[PDB]
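Chemist: Chains as they are written, first to last, in the UniProt record's numbering: chain A, 2 to 151; chain B, 2 to 145; chain C, 2 to 130.
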Amino acid sequence: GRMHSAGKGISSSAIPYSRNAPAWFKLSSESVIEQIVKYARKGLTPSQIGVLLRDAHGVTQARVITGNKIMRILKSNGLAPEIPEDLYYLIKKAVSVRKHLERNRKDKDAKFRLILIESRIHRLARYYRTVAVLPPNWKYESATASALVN
Amino acid sequence: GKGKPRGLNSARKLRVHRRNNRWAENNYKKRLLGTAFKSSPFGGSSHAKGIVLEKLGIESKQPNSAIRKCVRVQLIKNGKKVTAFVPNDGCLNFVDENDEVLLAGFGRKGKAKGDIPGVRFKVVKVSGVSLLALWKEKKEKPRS
Amino acid sequence: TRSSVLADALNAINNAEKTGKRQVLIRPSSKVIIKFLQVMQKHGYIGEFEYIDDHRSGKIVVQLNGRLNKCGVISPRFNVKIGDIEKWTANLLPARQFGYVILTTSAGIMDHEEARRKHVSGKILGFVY
RNA sequence: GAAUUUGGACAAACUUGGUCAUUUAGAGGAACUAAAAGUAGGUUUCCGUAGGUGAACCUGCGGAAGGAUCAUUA
RNA sequence: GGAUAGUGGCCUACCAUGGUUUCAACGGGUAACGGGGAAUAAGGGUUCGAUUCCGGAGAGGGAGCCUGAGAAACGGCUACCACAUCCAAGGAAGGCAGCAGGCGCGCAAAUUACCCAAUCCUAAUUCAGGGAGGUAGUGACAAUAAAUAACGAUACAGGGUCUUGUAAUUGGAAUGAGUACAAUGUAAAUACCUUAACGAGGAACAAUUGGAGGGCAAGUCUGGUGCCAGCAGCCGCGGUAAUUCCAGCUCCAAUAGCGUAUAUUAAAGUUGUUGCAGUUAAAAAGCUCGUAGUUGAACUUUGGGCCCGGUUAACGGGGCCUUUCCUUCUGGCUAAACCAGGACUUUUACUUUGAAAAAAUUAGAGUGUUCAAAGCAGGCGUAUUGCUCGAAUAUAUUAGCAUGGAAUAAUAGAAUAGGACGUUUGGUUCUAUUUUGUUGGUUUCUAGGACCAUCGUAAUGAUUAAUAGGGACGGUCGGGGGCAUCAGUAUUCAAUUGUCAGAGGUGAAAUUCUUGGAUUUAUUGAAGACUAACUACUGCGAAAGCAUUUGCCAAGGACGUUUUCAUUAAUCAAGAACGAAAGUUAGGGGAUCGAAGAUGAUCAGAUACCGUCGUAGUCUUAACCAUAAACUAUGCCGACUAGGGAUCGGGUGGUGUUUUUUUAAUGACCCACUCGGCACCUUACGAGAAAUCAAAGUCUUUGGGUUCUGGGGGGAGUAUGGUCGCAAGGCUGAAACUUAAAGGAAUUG
């Protein structure tokens, strides 16, 4: 089920049984690539690029049209951020809930949720520095993480 | 499932769990604490020898009784005083005070066989000769 | 989480036979599951199975024909030295004339009589009778 | 070339100080025993905790049933 | 460097600051010499191994040392310690855990015997010596074989003319327990095997040990003994917590053996890997996070054809082709490509085979020790100079070595190309087995490497996106949390007012307030707490818990998604967050209720043990404590198995309903479907001791992953130790002893 909850939901997306280039698309293969790098240069994460492409321009998913995934496209042209997207968002959430916990001391529910979020951050950071994406230590700390997010 | 580890490399947890569980027994706990040597009435032995301190008259009931009473005996090696069970009537007059009786167990691993509470030993020899044969007028007691 | 897919397949087949169904669907699929089903199919314990292929892992539809008493998996997969093989049979088969235990040897996945005939052995995998 | 002698390493052992541990004397007390034989009433059952009482026991706060659901309509 | 026979922190001088450990280091115990092995036999295990073989260590405790190849030797020496011997009192000598033997200790263990004859050892060595060893004595440790009787005749009972048993009936045969000429045996004897002579008629030459309610086999026996306010009266009957009180007859089991005591093993699945249990019988941490540990989705050469060839058409073997034998090099066919040949795991785990593995022991083949336990003997002949078989085989489950396999489970490779391949060209860096007579140095060529750059050669290099997971977004949803704010009656108190004699309290009184007006009524004000009815077999939260309005702050599940990354996960000692009520230290405020306390009346009955006042507390802030029947008495993750009706959240569809004021969005409702919840009813495909359970199912046909806890009842959550807490106390947590039951679930008197 979940990782830090009692839920057991299964809501997700379902990739179709067709790896071949839907016929009503028939537009291009590279034009979406410089459009993707334009969207990234505008300042979006790969997930936001994907949702805008499937909401506006009929790209079912960028993996089937181009042959490469979105993050590899951004990494190929030197648009990759120094830390990955999901770890960045987890650190941002931890910073916000830590500010809230600082202003309201007696919120013990926020204390428990912060402990859960930080344990999730530690697991993800251990995976990233194991697969050699992050620097070999990267030393997640309470203070400098704020200076890490902005 | 079953509540225990089952991995192929999970033998150390099984071993230490079995060690602790075996410590929660009674035979193993007394065997590997050496209880039969420090606190046992014997020295972890089968028979023993001791002088008869006194003879105590615990009868069955009020005067219409069956005479089943025996003696209080102090040991030779431990110096500990226990109570015995002399066999049937006619054997009671043989065992006097300070009579160097040889004793055995009674047959329930340290528990009282029979309906006499508080006896775990029985006299096997009196004055270092016999008790069964001396009762059956087959031999005679040597003097001192 | 899914520790063993072979356990799921064998438990599904046992439950389907004990309920009294005709065909059963198994997900996921594996080379080990396929080879186990091929041995069970060769010895007549199951009927005919098909490999439905989506892109992810596959599914298997097995059509049973009865004559299946019990199939089961042995987790963990112990190393079975050859002189020990009949010992395993003597633990978990009802008799000596029928009943099979399945060994994953370096010559493939095979029943124990073929393992004794080929003078080869390996890890244990499961049993069927 | 003996008795004898200087220094050193190897060191048994004796005197003191501390420490570890076993056994035995010692007021006091509390427990248990067979002690054949001493001085009518309340009845929900508990749990945690606080206070009080020769004596179980009582009271305050929170919790459990290991406590016996009838009539009606929908 | 010293020292040693030699390496070495083995020691010394100098310099570094290292080494081991939750995969349990270091410390403590051992009624611990280690092993070959022993008992137990369905398997796996459990228990013992002082002891006949191998290795270690010691000779009362330590230390030191000469001789010698070898000793830190003690049937050698020296000193100290503890014992202790001798005497002329000056001095001298000591070491049985060698063989006998003595004392002591104990439940527990033999002759101060004979001999080198065997086996081997020592010496100058065939010859001497050997308490090593062998022989005999004691010996019911254990083990082997089997004496205490067999056959008739007569009379009866039979089945019934051939077969059994009975008998104070009867006949003779056979033989060794012993005694013993002899011979053998033996170093000399004893004993065994052989044997002249003697040796059997029952109190002979005599078999015992336990038992007879059940377990567990065999008494619907006999007599006597001790008790009676039971009947009779001196004969007795019957009863006797006489737990039989004792003898005799008869019977059962084993037998030259049988019983008892302690320990251990099997039956025991009361240790449970195989193979236990945890709703209620012992036992699921109050809940969650989380390190070590254990465990972890699928995927990459499959298939086909060809032959040859092993066993009685089936099983199993290897080479060729199918894009398919890749790799480290010499000698030849040749014009980088073949043959004859030396071999190779990126790293493992696993598995087959093999070597090297003391004997004895175990399993086992042969052989009539007269049989057998044993032993490795033996067998056959013209038994006159002889012949010949054998002393096998197996097991050894870890580690190390060699080897065939490549399923299963792991590890790595090209993502900033810094990747591979070459008769692609340039430069640098080094080396020479050589030839110029051998050598040292100098140079070129040649050949071999390594490095830095440019041409190409190529299908140039990135597995799915798990009805695993985390992330993003969209619309929601909730009595989820914090802060601030708003409201509702109610309770208590106060002010003003109306009217009069009681108001409270109890089963009955009394204390209490009251003609300065009690209780009651009306208007108003203040304080603190709490949020009824709505409120449900509804919701939210990890649990504890959460119920007036509004706003802010951050969070959360479920649904939807042709979004994102590609294993990031499950469980979890160490460690940590929260944790009802009660309780502790200070501040606040104190309306109700209220431990403690104070008073009233205590009336057989309180069945109806009370009343009033009231401290701490109840509320809050900052610190503490960490326990509850913290309960669903049911750990967490995953898979599958059965029908039905409600209900909450999200989504999909309806030429469906309703309100629009025109039937457009949207809301409420109905029908169908789906996902995720809280629950409910019936049933057993199943389970269970039952109550009952869709999980407590998928289990004698026993294995998806993982953590914690239990081992008959008391003593006892007690004692002691540690640790946390100001304290209360919490966490961990025994033993001696005592007992044959304690207990769970239903039906019935």
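Where is the CB? At the ideal position from N, CA and C, for every residue including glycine.
(1) Can a CB atom of chain C be found closer than 7 Å to the CB of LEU33/B?
(2) Which residues in chain B have a C-beta closer than 7 Å to the C-beta of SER76/C? List them in chain order.
(3) Quick check on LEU104/B: does DSSP put it in helix, strand or coil?
(4) Let me know the alpha helix (DSSP H) ranges lying completely inside the stretch 27-94 of chain A, each 4 residues or longer, listed in chain order.
(5) Hey, which unbroken runs of the beta strand (DSSP E) at 3 residues or more fall wholly within the stretch 42-80 of chain B?
(6) For a test of the three-state rule: what should DSSP assign to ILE117/B, helix, strand or coil?
(7) What is the DSSP secondary structure of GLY111/B, counted as helix, strand or coil?
(8) Count the other C-beta atoms from every protein chain shown that fall within 10 angstroms of the C-beta of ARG121/B, then say buried if there are 16 or more, exposed otherwise.
(9) Taking only the alpha-carbon atoms, compute the straight-line gap between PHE107/B and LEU34/B and give it to the nearest angstrom.
(10) Tell me the rounded alpha-carbon separation between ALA63/A and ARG42/A.
(11) Which residues does DSSP list as the beta-bridge partners of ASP112/C?
(12) Give the single residue among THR67/A, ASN21/A, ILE74/A whose Cα lies nearest to the Cα of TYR40/A.
(13) Excluding the five sequence neighbours on either side, which residues of its own chain have a C-beta within less than 6 Å of the C-beta of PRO85/A, listed in chain order?
(14) Per DSSP, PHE50/C forms a beta bridge with which residues?
(15) Taking 6 Å as the limit between beta carbons, can you name the residues of its chain near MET72/A, skipping five residues before and five after?
(16) Buried or exposed for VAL96/B, please, with buried defined as at least 16 other CB atoms from any protein chain shown within 10 angstroms of its CB.
(17) At which residues does the alpha helix (DSSP H) containing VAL33/C begin and terminate?
(18) Hey, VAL127/B and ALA85/B are a contact pair by Cβ (cut 8 Å); roughly how many whole angstroms apart?
(19) Excluding five sequence neighbours on each side, which residues of the same chain lie with their C-beta closer than 7 Å to the C-beta of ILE92/A?
(20) Using the Cα positions of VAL134/A and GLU119/A, report the straight-line distance between them to the nearest angstrom.
(21) Assuming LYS124/C and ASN92/C form a contact by the criterion Cβ under 8 Å, report the distance between their Cβ atoms to the nearest whole angstrom.
(22) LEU9/B to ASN22/B, Cα distance in whole Å?
(23) Flag this pair as touching only if the stretch 95-108 of chain C and the stretch 53-60 of chain C have three or more C-beta atom pairs under 8 Å; answer yes or no.
(24) Per DSSP, what kind of secondary structure is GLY84/C in: helix, strand or coil?
(25) Could you please give the first and the last residue of the uninterrupted beta strand (DSSP E) stretch that includes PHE122/B?
(26) Starting from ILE116/A, trace the alpha helix (DSSP H) both ways and give me its first and last residue.
(27) Measure the alpha-carbon distance for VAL102/B versus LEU15/B and round it to whole angstroms.
(28) Do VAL53/B and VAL74/B have their C-beta atoms within less than 7 Å of each other?
(29) Express the C-alpha separation of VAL17/B and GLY127/C in angstroms, rounding to a whole number.
(30) Looking at the structure shown, is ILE14/C part of a helix, part of a strand, or coil, going by DSSP?
(31) Could you tell me which residues DSSP puts in a beta bridge with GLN24/C?
(32) From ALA116/C, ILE35/C, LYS82/C, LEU11/C, pick the residue whose C-alpha is nearest to that of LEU69/C; which is it?
(33) For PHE128/C, which of helix, strand or coil comes out of DSSP?
Modeler: Judging by the given coordinates:
(1) In the second sequence, residue 33/B corresponds to position 32, counting from 1. No, because no Cβ of chain C sits closer than 7 Å to the Cβ of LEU33/B.
(2) Translated into the one-based positions of the third sequence, residue 76/C becomes position 75. Here the neighbours are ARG7.
(3) By one-based count along the second sequence, residue 104/B stands at place 103. Looking at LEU104/B - three-state DSSP - the assignment turns out to be strand.
(4) 32-43, 47-57, 63-67, 71-77
(5) 49-57, 71-76
(6) By one-based count along the second sequence, residue 117/B stands at place 116. Correct three-state label for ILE117/B: coil.
(7) The residue labelled residue 111/B in the question sits at position 110 within the second sequence. Here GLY111/B sits in coil by DSSP.
(8) Working through the second sequence from its first residue, we reach residue 121/B at position 120. Buried.
(9) Here residue 107/B refers to the residue found at position 106 when the second sequence is read from its first residue. Here residue 34/B refers to the residue found at position 33 when the second sequence is read from its first residue. Distance between the alpha carbons of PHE107/B and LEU34/B is about 24 Å.
(10) As a working mapping, residue 63/A is identified with position 62 in the first sequence. As a working mapping, residue 42/A is identified with position 41 in the first sequence. Roughly 17 Å between the two C-alpha positions.
(11) One-based indexing of the third sequence puts residue 112/C at position 111. Beta-bridge pairing links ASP112/C to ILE103/C.
(12) Locating residue 40/A in the first sequence gives position 39, where the first residue counts as 1. Measuring from the Cα of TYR40/A, the nearest candidate turns out to be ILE74/A.
(13) Indexing the first sequence from 1 puts residue 85/A at position 84. Closer than 6 Å at the Cβ level, and outside the excluded window around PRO85/A, lies no residue.
(14) Reading the third sequence from its first residue, position 49 is the one you call residue 50/C. Answer is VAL63/C.
(15) In the first sequence, the residue the question calls residue 72/A occupies position 71. Result list for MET72/A: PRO47, in chain order.
(16) Along the second sequence, read from residue 1 onward, the residue named residue 96/B stands at position 95. Burial call: buried.
(17) The residue labelled residue 33/C in the question sits at position 32 within the third sequence. Per DSSP, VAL33/C belongs to the alpha helix (DSSP H) from 32-43.
(18) Within the second sequence, residue 127/B is the residue found at index 126, counting from 1. Within the second sequence, residue 85/B is the residue found at index 84, counting from 1. Incorrect: roughly 10 Å between the Cβ atoms, too far for contact.
(19) Residue 92/A sits at position 91 when you count from the first residue of the first sequence. Once the five neighbours on either side are set aside, the close Cβ partners of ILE92/A are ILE122, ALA146, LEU149, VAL150.
(20) Taking the first residue of the first sequence as 1, we reach residue 134/A at position 133. Taking the first residue of the first sequence as 1, we reach residue 119/A at position 118. C-alpha separation (whole angstroms): 19 Å.
(21) Taking the third sequence and counting its residues from 1, the one referred to as residue 124/C is at position 123. Taking the third sequence and counting its residues from 1, the one referred to as residue 92/C is at position 91. The pair is not a contact, with the Cβ atoms about 16 Å apart (cut-off 8 Å).
(22) If you number the second sequence from 1, residue 9/B lands on position 8. If you number the second sequence from 1, residue 22/B lands on position 21. So the alpha carbons of these two residues sit roughly 21 Å apart.
(23) no
(24) By one-based count along the third sequence, residue 84/C stands at place 83. Note: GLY84/C maps to helix in three-state DSSP.
(25) Start at 1 with the first residue of the second sequence, and residue 122/B comes out as number 121. Here the beta strand (DSSP E) through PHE122/B covers 122-126.
(26) Mapped onto the first sequence, residue 116/A falls at position 115. Start and end: 109-131.
(27) Walking along the second sequence from the start, residue 102/B turns up at place 101. Walking along the second sequence from the start, residue 15/B turns up at place 14. Cα-Cα distance, rounded: 50 Å.
(28) Here residue 53/B is taken as the residue at index 52 of the second sequence, counted from 1. Here residue 74/B is taken as the residue at index 73 of the second sequence, counted from 1. In this structure, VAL74/B lies closer than 7 Å to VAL53/B by Cβ.
(29) Locating residue 127/C in the third sequence gives position 126, where the first residue counts as 1. Locating residue 17/B in the second sequence gives position 16, where the first residue counts as 1. Each residue's Cα considered, the two are about 29 Å apart.
(30) Stepping through the third sequence from its first residue, residue 14/C is reached at position 13. Helix.
(31) Counting from one through the third sequence, the residue named residue 24/C turns up at place 23. Answer by DSSP bridge pairing, in chain order: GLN64/C.
(32) Indexing the third sequence from 1 puts residue 69/C at position 68. Comparing Cα positions, the closest option is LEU11/C.
(33) In the third sequence, residue 128/C corresponds to position 127, counting from 1. In this structure, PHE128/C counts as strand in the three-state DSSP scheme.
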